[PDB]
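Before any questions on how it binds or moves, here is one chain, the form deposited in one PDB entry, in structure tokens.
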């Protein structure tokens, strides 16, 4: 996964304005080290500061001082929080006046289509989430520019911008297969009867591997295409 989220790490740091802001000293939060675990771009940006008065904190919003930070980053965190609204309220609380929230969330990605295609090789017209069904399983709305803009503005953010950014990369079959099998076990309970699972669950790995080897060569690459929403907002 991390080859693609690393591309979005540069986008999110650039869109936030942190490298060029007049707010000094920089007091930054990287939620759950979501950027730092996949990219050095933010850490390296701070290292390049002439000042040396800046601070970066990595910690988790999902359980910080009031009015403290100049920048809060949430890289692909809002769709996974237990309580996305509570987390957003916390972002507003811990930002200083003039502080910027920058977040990335998923709007589209191609791994659900590829999995669906593999599954419609099984006999039985078996059900599988569509791309929108899958996104909406947790914290629905964070794939919608209009939803996000209103959620941020309700809480007092202004100059709110929500921009879709497509990125494309490629991943080896073996790695793409393993990402799939982290997701499959989580879905089938929600979309198949126990009758359908006992009947077909055990063969999913083989057909998936078979479809993947079928389609993208034997040691080939699988494309990873996505659209992420890049959200920025100002706390007045």
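Definition used throughout: the rigid core is the maximal C-alpha set that superposes within 1.5 Å between two forms. Numbering follows the first chain given and starts at 1.
Asker: Counting only residues that lack coordinates, how big is the gap in the deposited sequence between residue 168 and residue 169? Pick none, 1 to 3, 4 to 9 or 10 or more.
Answerer: Nothing is missing.
Asker: Going by the average Cα B-factor in the PDB entry, point out whether 216 to 224 or 12 to 20 comes out higher.
Answerer: For C-alpha atoms only, the mean B-factor is higher in 216 to 224.
Asker: On mean Cα temperature factor in this entry, is 51 to 59 or 195 to 203 the higher one?
Answerer: That would be 195 to 203.
Asker: Per the entry, which of 156, 123, 113, 98 tops the list for Cα B factor?
Answerer: Across 156, 123, 113, 98, the entry lists the biggest C-alpha B-factor for 123.
Asker: Looking at 27, 41, 32, 187, which has the highest Cα B-factor in the entry?
Answerer: The listed residue with the largest C-alpha B-factor is 187.
Asker: By the recorded C-alpha temperature factor, relative to the other modelled residues in its chain, which third is residue 128 in?
Answerer: Within its chain, residue 128 is a highest-third residue by C-alpha B-factor, going by the deposited values.
Asker: Divide the modelled residues of the chain into thirds by Cα B-factor and specify which third, lowest, middle or highest, holds residue 232.
Answerer: It falls in the bottom third of the chain.
Asker: Among the modelled residues of this chain, does the Cα B factor of residue 84 put it in the lowest, middle or highest third?
Answerer: For residue 84, the deposited C-alpha B-factor lands in the middle third.
Asker: Among the modelled residues of this chain, does the Cα B factor of residue 162 put it in the lowest, middle or highest third?
Answerer: Its C-alpha B-factor, which the entry lists for residue 162, ranks in the lowest third among residues of this chain.
Asker: Split the chain's modelled residues into thirds by Cα B-factor; is residue 140 in the lowest, middle or highest one?
Answerer: Residue 140: CA B-factor falls in the middle third of its chain.
Same protein, other form: the form deposited in another entry, not shown, and the subject of what follows.
Asker: Just one of 76, 128, 157, 81 has a C-alpha that shifts by 2 Å or more between this form and the one not shown on a rigid core fit; which is it?
Answerer: The answer here is 128.
Asker: With both forms fit on the core, is the shift of the CA atom of residue 213 between this form and the one not shown 2 Å or larger?
Answerer: It does, since the residue 213 C-alpha is displaced 2 Å or more between this form and the one not shown after the core fit.
Asker: Does residue 52 shift between this form and the one not shown by 2 angstroms or more at the C-alpha, the core having been superposed?
Answerer: After core superposition, the C-alpha of residue 52 moves less than 2 Å between this form and the one not shown.
Asker: With both forms fit on the core, has residue 144 moved 2 Å or more by CA between this form and the one not shown?
Answerer: After core superposition, the C-alpha of residue 144 moves less than 2 Å between this form and the one not shown.
Asker: Out of closer and farther, which fits the Cα atoms of residue 26 and residue 50 in the other form compared with this form, where the change is 3 Å or more?
Answerer: Note: Cα gap between residue 26 and residue 50 shrinks in the other form.
Asker: Might you say whether the CA atoms of residue 50 and residue 28 end up closer or farther apart in the other form than in this form? Their distance differs by 3 Å or more.
Answerer: Result: closer.
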